[PDB]
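Encoded as structure tokens, the structure appears first; notes follow it.
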Amino acid sequence: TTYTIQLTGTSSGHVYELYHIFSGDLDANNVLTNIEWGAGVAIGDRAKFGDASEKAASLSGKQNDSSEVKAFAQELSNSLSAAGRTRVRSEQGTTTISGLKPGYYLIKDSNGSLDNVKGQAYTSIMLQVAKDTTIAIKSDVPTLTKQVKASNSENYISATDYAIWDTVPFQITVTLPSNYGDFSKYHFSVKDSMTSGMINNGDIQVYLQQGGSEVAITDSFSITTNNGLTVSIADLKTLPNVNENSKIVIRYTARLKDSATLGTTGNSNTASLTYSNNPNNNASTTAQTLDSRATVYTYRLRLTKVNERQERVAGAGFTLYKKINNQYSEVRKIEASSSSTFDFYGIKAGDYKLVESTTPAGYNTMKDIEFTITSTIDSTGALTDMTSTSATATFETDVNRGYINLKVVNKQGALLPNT
Ligand code: NA
Numbered sequence: 010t011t012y013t014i015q016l017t018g019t020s021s022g023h024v025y026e027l028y029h030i031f032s033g034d035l036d037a038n039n040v041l042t043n044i045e046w047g048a049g050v051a052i053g054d055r056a057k058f059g060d061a062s063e064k065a066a067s068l069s070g071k072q073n074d075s076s077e078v079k080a081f082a083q084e085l086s087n088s089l090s091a092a093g094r095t096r097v098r099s100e101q102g103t104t105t106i107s108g109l110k111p112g113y114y115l116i117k118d119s120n121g122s123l124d125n126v127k128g129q130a131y132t133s134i135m136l137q138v139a140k141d142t143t144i145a146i147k148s149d150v151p152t153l154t155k156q157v158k159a160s161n162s163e164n165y166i167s168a169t170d171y172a173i174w175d176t177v178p179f180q181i182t183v184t185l186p187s188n189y190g191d192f193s194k195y196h197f198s199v200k201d202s203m204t205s206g207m208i209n210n211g212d213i214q215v216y217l218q219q220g221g222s223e224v225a226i227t228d229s230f231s232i233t234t235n236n237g238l239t240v241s242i243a244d245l246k247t248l249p250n251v252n253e254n255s256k257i258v259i260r261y262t263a264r265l266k267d268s269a270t271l272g273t274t275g276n277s278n279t280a281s282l283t284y285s286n287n288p289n290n291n292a293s294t295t296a297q298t299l300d301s302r303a304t305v306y307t308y309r310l311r312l313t314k315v316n317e318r319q320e321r322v323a324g325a326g327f328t329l330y331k332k333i334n335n336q337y338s339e340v341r342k343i344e345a346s347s348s349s350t351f352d353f354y355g356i357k358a359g360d361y362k363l364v365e366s367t368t369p370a371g372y373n374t375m376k377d378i379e380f381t382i383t384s385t386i387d388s389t390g391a392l393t394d395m396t397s398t399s400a401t402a403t404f405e406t407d408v409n410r411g412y413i414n415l416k417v418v419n420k421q422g423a424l425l426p427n428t
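So the number in mature numbering (1 follows the signal peptide of the UniProt record, and there is no 0) is just where the residue sits in the sequence shown, counting from 1, plus 9.
Put into structure tokens, the structure is as follows:
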């Protein structure tokens, strides 16, 4: 008679090892009788545990995740033999091992099979009776998601647009693995590349989030800028209210430089978590999550001041307004100079009004131009389209470079005839 173990929640690219711990006879109620040591336990190390039947009897009835069982699992891990080993290549989702001799098996990932492999982790060492059932593998990784607050709402997303006058809030959400409780200690280091075209405001806070509440835990972390923006704690177990269901949230703000990337390329940052990847035998190996990217788009509104003779004209000055409600309020003001060109570097989608606050000598003051910018960002976070339209004016756009160009034509007054 042989048996089957099926592991759910498995990933591709693993080699699971089953070590035969106890032999015996399994009945219909999954009671194991006539127990001897399997070949999975090294003959030399069997004396340390004693008689097999009595050792089985000592554990009989104890809960699945009790302390006595997990202690035996760890002790066994140091007492294994290849003579009772079955190795199986993993599959994504479900991994099945059949043709097993009756009895008790220890399951683990193969030693060194996952070193420096991103987004993976060694399973907590399992003990299973082979009994034709499916069991969830006791293996899981933390996740990290980097997001930025939407320009036009409170919700956080992968990509948005912002202006030079805005504060740009970022949020990094970390989940912990379901088997966080099995670790004696847990290395936790978040690295963020930060954004090339932005200045970090240095207002970083860390939060323990669970049960609909947040507690600031910022002082427990080492926050450095020697190698990206790194938020680290040597051992997250030192924070005793952090558990498998806890979320760690990092929030900071930033502002665009006036050299920020314009258009479709955008201003991106990547972040990843470095985490303890093996809960067994107080291992201190680490692995990294895949990068999580956020992107911030911005544009450049250029005015070119000309007259009807198609000459460039100096001495104009423009005040840009943004509409918050019905209320228009000033965001930028370029005074009159010897320049005929005006760059509002760092503008986003929204409703604006443009006012010629200084008129050049010997020309009519233009009427105010109310206009609207739109950004089309697809669900991948990529900027697809941008527009700029007015009732009483026309713009030229280059969505790739992120240019919005307005030609303002100065008209001279009327030299009126007398009679
Ligand atoms: Na796995």
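Quick reminder that beta carbons are idealized off the backbone N, C-alpha and C, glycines included.
Taking C-alpha atoms, which residue in the options lies nearest to residue i?
| i | options | result |
| --- | --- | --- |
| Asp212 | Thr262, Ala56 and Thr313 | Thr262 |
| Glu344 | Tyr337, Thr368, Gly359 and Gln336 | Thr368 |
| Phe192 | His23, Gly371 and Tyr284 | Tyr284 |
| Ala370 | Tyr412, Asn419, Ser338 and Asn73 | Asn419 |
| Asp352 | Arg309, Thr374 and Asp394 | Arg309 |
| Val251 | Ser202, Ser187, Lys158 and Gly237 | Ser187 |
| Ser21 | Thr103, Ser349 and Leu217 | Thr103 |
| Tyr114 | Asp228, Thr13, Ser348 and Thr17 | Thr13 |
Is residue i near the ligand NA, judged by its Cβ being under 7 Å from some heavy atom?
| i | result |
| --- | --- |
| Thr19 | yes |
| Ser122 | no |
| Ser148 | yes |
| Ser99 | yes |
| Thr295 | no |
| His23 | yes |
| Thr393 | no |
| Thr298 | no |
| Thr132 | yes |
In whole angstroms, give me the CA-to-CA distance for residue i and residue j.
| i | j | result |
| --- | --- | --- |
| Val364 | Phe230 | 49 Å |
| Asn164 | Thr304 | 15 Å |
| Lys140 | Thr11 | 9 Å |
| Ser301 | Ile208 | 20 Å |
| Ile333 | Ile382 | 14 Å |
| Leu153 | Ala323 | 52 Å |
| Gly272 | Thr234 | 28 Å |
| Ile242 | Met135 | 28 Å |
| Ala66 | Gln129 | 36 Å |
| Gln336 | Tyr330 | 10 Å |
| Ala292 | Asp118 | 13 Å |
| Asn210 | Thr406 | 32 Å |
| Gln219 | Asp387 | 31 Å |
| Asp54 | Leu85 | 9 Å |
| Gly359 | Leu312 | 18 Å |
| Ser346 | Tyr412 | 23 Å |
| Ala61 | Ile116 | 19 Å |
| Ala325 | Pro426 | 29 Å |
| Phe197 | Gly190 | 15 Å |
Which same chain residues end up closer than 6 Å to residue i when comparing Cβ atoms and leaving out the 5 residues on each side of it in sequence?
| i | result |
| --- | --- |
| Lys194 | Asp244 and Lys246 |
| residue 449 | Residue 449 cannot be examined here, being either before or after the span of the chain that is shown, 10 to 428. |
| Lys64 | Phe58 |
| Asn409 | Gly272 and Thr273 |
| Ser202 | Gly237, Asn278 and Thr279 |
| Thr142 | none |
Which same chain residues end up closer than 8 Å to residue i when comparing Cβ atoms and leaving out the 5 residues on each side of it in sequence?
| i | result |
| --- | --- |
| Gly112 | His29, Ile30, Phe31, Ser32, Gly33, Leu35, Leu41, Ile44, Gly47, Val138 and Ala139 |
| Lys71 | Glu77 and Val78 |
| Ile378 | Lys362, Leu363, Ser399, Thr401, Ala402 and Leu415 |
| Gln156 | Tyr165, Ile166, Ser167, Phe179, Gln180, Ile181, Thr182 and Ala303 |
| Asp175 | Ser160, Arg264, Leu265 and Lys357 |
With a threshold of 7 Å on Cβ separation, who are the neighbours of residue i within its own chain once the five nearest residues in sequence on each side are excluded?
| i | result |
| --- | --- |
| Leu185 | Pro151, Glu253 and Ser255 |
| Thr294 | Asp124, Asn286 and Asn287 |
| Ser397 | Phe380, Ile382, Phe404, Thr406 and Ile413 |
Whole-angstrom Cβ separation of residue i and residue j, contact assumed at under 8 Å?
| i | j | result |
| --- | --- | --- |
| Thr393 | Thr385 | 5 Å |
| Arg94 | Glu26 | 6 Å |
| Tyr306 | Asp170 | 4 Å |
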